[PDB]
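Trainee: just coords:
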RNA sequence: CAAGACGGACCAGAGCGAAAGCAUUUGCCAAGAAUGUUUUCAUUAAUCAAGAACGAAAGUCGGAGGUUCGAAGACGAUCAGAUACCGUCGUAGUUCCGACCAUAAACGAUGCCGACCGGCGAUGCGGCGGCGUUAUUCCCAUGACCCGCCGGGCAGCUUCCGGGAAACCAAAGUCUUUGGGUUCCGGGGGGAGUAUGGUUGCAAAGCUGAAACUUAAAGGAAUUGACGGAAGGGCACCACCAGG
């Protein structure tokens, strides 16, 4: 048998402990794999057993656990577990342009907007899920959707105003036969 | 000179090339200053001409 | 043609998944890395330029190398995950996860997932200018 | 409802340019209606087009009319390039498009529905319509999507196709269904006329 | 046209006598073709082996670079070259509010093996520590580092490769350092991070004979 | 194996420095604030025309070295009109050493010194007082947590302290109830930080710096929304479904 362990940050240990039942339910129900939480290693370990139905369920379980640990919503992780074509595209903020200090923080605002309105509009338009960690942006969705999300996020992170960025993203979404 | 430098060149080859590029750099700065001066004089004269037009020769009769 | 070992023991190789933003390289070596076995790129199958980095090329290449390693008796693979590294993007792309998923589909015994990217301690210079990158 | 067609006599340009287009003696000027609020249902065949989606997403009604006129001119040029019988566009000005008139002595060509043709003439017209549909689907790479008895004119024993403003490319989300509907309409029109050799809707859709 | 794998051979690579699991696997080697000997061709290879593939009860976040030297009739005698931590583990160690102490030593052992050894240590948040910061002052860091060099030298320089390899599998060095650093600043997790190989003695057989059996 | 480069993650609304700025270990060098003092000198002080050190990046002279990146320059795409746009190479430069240059959105867009004037609870450094917790129970001191108090900082929260055109500010408060000391500097908008002159500079440039003429506004804070070419709902057999 083989096992996969996903490390768990201390910044999300309580969020994982609160949703421990909702995560462990589909992991052992729909996939049929043993799940444990090594508190000494602080790692969530999923291991196959005789109850494993088929291959690649452990990989999907590891992807779902990584999505939950990264900060994505629980329903998004369950949807990634259920669906086939799902990928977690992550990019550092400083890769888009060399930005240091307060300006870099302001650039995060240009991805987020007031309340997260720009992020919500991009998520609804591009049919992706975006999580903005401290220096990282993680996007989950279809491959063309991830490409559109990366282009829009990079355009907003390169100084371009959010109205023109939203218009360009809407044009790309209409030109992608969405 | 748009000559890519290779690893095999030694002194009195790179030195002469750098001194040459230095020479057309200084020269190009000299005609840049000359062109700045010429356009400065032309703008001053044309401003005097335009303000003369404002002052005299504008009307019907 | 292959190793002369019983059914219980599985022969271990090292499968490097290099997920670039152009295509993906699926390169299979031994545990040494000296003598390789098979390298099937994105341009082996897709006769285009957009779909070189698409997950379809990745899964086709993974199926090809899976067939090759079953031909030559390689039954287990440790997976080293690589991005382009350097001053560029550090995170492996969707082609990497698609390729590992397709390998896991084709009966391959999965060993260790070791994320081996050439991560710099400190980059020399970002390839893009001070202005920006990626539109 | 959407455009008005006017027959007019064209002038002879005295400029001896080698690249000057030949102006026909009789011309048809189509001016699209811009003051009618009945065009709210035409967005289905414009938003699905990749050539103007970036323009259709932010178009005003006058800009939409100009884009429709440009699309009609492009469709007419594509039909003329494939050898299909259609009017040749001379010049396009805003919402007014000038094309070659179909007829003689300022009399427009009668429609296929209003033409009282014989059985052999009806069979020849059906064959010409099928050939034109095949050429549009294969060579022009466009679906007319409005093909009917009123969109086809009979002139000198030949079938001419008009109103290609609503034509869309085959790569549209519903181009195939629209082409099937047009083939079904043509098959019904041929079956009403007594053409025993006319294929069914599915057969015409498969052949086109 | 001609399959290159038909001219190849499958040699066995084994772990030394130090580790419980012996067979570390199979290697694909082009056979001797007159000019170049296959034994010499495979004499300069490295092998990356996890500790759970060497000892069952040990941890999975340690990796071993190992050099083979000798050929014994489809058998390869392999010598310890270095050890390193898993990159996933290293990304797991570096928390936000926690001072990191790194150190390196260049120690020549009793049997001539000169090593560049590395050590990483993180500070420990206390049981009742309300304060989120657990920063160590720089002079305390320097004192911890100096004790780290002196302890690591005192349990490496006095020994040959056998005792040092025997000590690093359960990380007796790390437990010793974490025991000794409670006087200065209670430390959270210390391990020998990386083992580099600086200078190898002259190659012969008898050391490898006792090293394998 | 070699070459030069850069010291991420640790990295904080933290730290130090007059600012520019400063992040790999070890040693040396001479500094430096704060704290503690029932130490010493006793008015030695604040701010400053003149004058003087430092001064990011870029630039300019002499050398060295040139990994990456790259002004210029060379390709290829894109079209009613593209020459911006995008990707491929690439010189000076980016690096070090010694001299010039002295400018930045060199920004807290807030001179320096001093007094008074609200609260809170975190952080850094030093000091003081301490139930208790750990150095395998430590044999005495001693490091690391916890509760306070003091001083000097870095910052946050909040207030009808009072100000203020307001945004906002515990100073931008103690301002018609107008006077603690002092330095620099602005006078509607353009012309214009331009010309001329002086001076510094190898040069580029820097410092000082007008006028003629020209206009009734230029500008600052906050409040709505005609309109979205912005998105949602919700309504109606004079709309739709099922039909008649």
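Mentor: Here it is on my side, so go on. Residues are numbered from 1 along each chain as shown, chains lettered A, B, ... in the order given.

Trainee: mind listing the helices for the chain?
Mentor: Reading this off chain A. Using DSSP state H, the helices of chain A run over A:13-18, A:20-29, A:57-70, A:74-82, A:102-112, A:117-126, A:143-157, A:162-175.

Trainee: Chain C was what I was after
Mentor: C:55-71, C:94-105.

Trainee: could I get these as a markdown table with mean neighbour count and distance to residue D:56?
Mentor: In short, each C-beta sits where N, CA and C put it, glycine included. Formatted as a markdown table, the helices of chain C follow (neighbours: other Cβ atoms under 10 Å in any protein chain shown; distance: least, Cβ to Cβ, whole Å):
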| stretch | mean neighbour count | distance to residue D:56 |
| --- | --- | --- |
| helix C:55-71 | 21 | 31 |
| helix C:94-105 | 24 | 31 |
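
Trainee: Among those, which comes closest to RNA strand F?
Mentor: helix C:94-105 (18.9 Å; Cβ to the nearest atom of the strand).

Trainee: follow-up on the earlier one: could I get the helices of chain A as CSV with distance to residue D:44 and mean neighbour count?
Mentor: Below are these laid out as CSV (distance: least, Cβ to Cβ, whole Å; neighbours: other Cβ atoms under 10 Å in any protein chain shown):
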stretch, distance to residue D:44, mean neighbour count
helix A:13-18, 46, 13
helix A:20-29, 41, 15
helix A:57-70, 38, 22
helix A:74-82, 31, 18
helix A:102-112, 34, 15
helix A:117-126, 21, 18
helix A:143-157, 23, 22
helix A:162-175, 13, 17
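
Trainee: Looking at the ones you listed, which is nearest to chain C?
Mentor: Taking Cβ to the nearest Cβ, helix A:143-157 is the member of the helices of chain A nearest to chain C, at 3.7 Å.

Trainee: Quick one: distance of that closest one to the chain centre.
Mentor: 14 Å (Cα atoms, centre = their mean, to the nearest Å).

Trainee: What are the contacting residues of that helix?
Mentor: A:85, A:87, A:89, A:91, A:93, A:96-97, A:107, A:110-111, A:118, A:122, A:126-128, A:130, A:137, A:139-141, A:162, A:165, A:168-169, A:172-173, A:176, C:54-55, C:94, C:132-135 (Cβ atoms under 8 Å, 6 or more residues apart in numbering or on different chains).

Trainee: residues touching the residue in chain C that chain D sits nearest to, list them.
Mentor: Closest to chain D within chain C is residue C:135: 15.1 Å, counting by Cβ to the nearest Cβ. Residue C:135 is in contact with A:151, A:154-155, A:158, counting by Cβ under 8 Å, 6+ apart.

Trainee: run the last query once more with 7 Å
Mentor: A:151, A:154-155 (Cβ atoms under 7 Å, 6 or more residues apart in numbering or on different chains).

Trainee: Let's have those residues in JSON lines, adding distance to residue A:78.
Mentor: JSON lines is the format used below for the contacts of residue C:135 (distance: Cβ to Cβ, whole Å):
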{"residue": "A:151", "distance to residue A:78": "28"}
{"residue": "A:154", "distance to residue A:78": "29"}
{"residue": "A:155", "distance to residue A:78": "31"}
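
Trainee: Looking at those, which is nearest residue E:194?
Mentor: Of all the contacts of residue C:135, residue E:194 sits closest to residue A:154, with 35.6 Å by Cβ to Cβ.

Trainee: So which bits of chain E are right by chain C?
Mentor: E:5-6, E:10, E:25-30, E:45-48, E:50, E:86-88 (Cβ under 7 Å from any Cβ of the partner chain).

Trainee: Now the one residue in chain D that gets nearest to RNA strand F: closest residue in space that isn't a chain neighbour?
Mentor: Chain D approaches RNA strand F most closely through residue D:58 (3.3 Å), counting by Cβ to the nearest atom of the strand. Closest residue in space to residue D:58, ignoring its immediate chain neighbours: residue A:167 at 7.7 Å, by Cβ to Cβ, 6 or more residues apart in numbering or on different chains.

Trainee: related to what we said a few turns ago, and the contacts of residue C:135 near RNA strand F, which?
Mentor: When Cβ under 7 Å from any atom of the strand is applied, no member of these is adjacent to RNA strand F.

Trainee: Now flag whichever of those is closest to chain E.
Mentor: residue A:154 (24.4 Å).

Trainee: Just confirm residue E:132 is within a strand.
Mentor: No. Counting by DSSP: H, G, I helix; E, B strand; the rest coil, residue E:132 falls outside a strand, being coil.

Trainee: related to what we said a few turns ago, okay if I get the helices of chain C as TSV plus distance to residue C:122?
Mentor: Shown next, in TSV, are those (distance: least, Cβ to Cβ, whole Å):
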stretch	distance to residue C:122
helix C:55-71	31
helix C:94-105	25
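
Trainee: Now render those as CSV, adding distance to chain A.
Mentor: Below are the helices of chain C laid out as CSV (distance: least, Cβ to the nearest Cβ, whole Å):
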stretch, distance to chain A
helix C:55-71, 6
helix C:94-105, 3
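
Trainee: Can you tell me the closest non-neighbouring residue to the residue in chain E that chain D sits nearest to?
Mentor: Residue nearest to chain D within chain E: residue E:91 (42.3 Å; Cβ to the nearest Cβ). Excluding the flanking residues, the one nearest residue E:91 by Cβ to Cβ, 6+ apart is residue A:7, at 7.3 Å.

Trainee: And stretch E:100-114, what's buried?
Mentor: E:101, E:103, E:105, E:107, E:109, E:113 (16 or more other Cβ atoms under 10 Å in any protein chain shown).

Trainee: tell me, which of these make contact with RNA strand F?
Mentor: Contacts with RNA strand F within the buried residues of stretch E:100-114, counted by Cβ under 7 Å from any atom of the strand: residue E:103.

Trainee: now, which of the buried residues of stretch E:100-114 sits nearest residue B:26?
Mentor: residue E:103 (53.2 Å).

Trainee: helix or strand for the closest one, which one?
Mentor: Applying DSSP states H and E as the criterion places residue E:103 in strand E:100-108.

Trainee: what's the helix or strand following that strand packed up against?
Mentor: The helix or strand immediately downstream of strand E:100-108 is strand E:114-123, counting by DSSP H and E. If you count contacts as 3 or more Cβ pairs under 7 Å, 6 or more residues apart in numbering or on different chains; DSSP states H and E, strand E:114-123 packs onto strand E:100-108, helix E:138-154, strand E:187-199.

Trainee: Could you rerun that using 10 Å?
Mentor: Applying 3 or more Cβ pairs under 10 Å, 6 or more residues apart in numbering or on different chains; DSSP states H and E, one finds that strand E:114-123 contacts strand E:75-85, helix E:87-93, strand E:100-108, helix E:138-154, helix E:161-168, helix E:172-180, strand E:187-199.

Trainee: can you give me the helices in chain B?
Mentor: Going by DSSP H, chain B shows helices at B:14-55.

Trainee: typo on my end, chain D
Mentor: With DSSP H as the criterion, chain D has helices spanning D:53-56, D:61-81, D:119-138, D:175-192, D:201-207.
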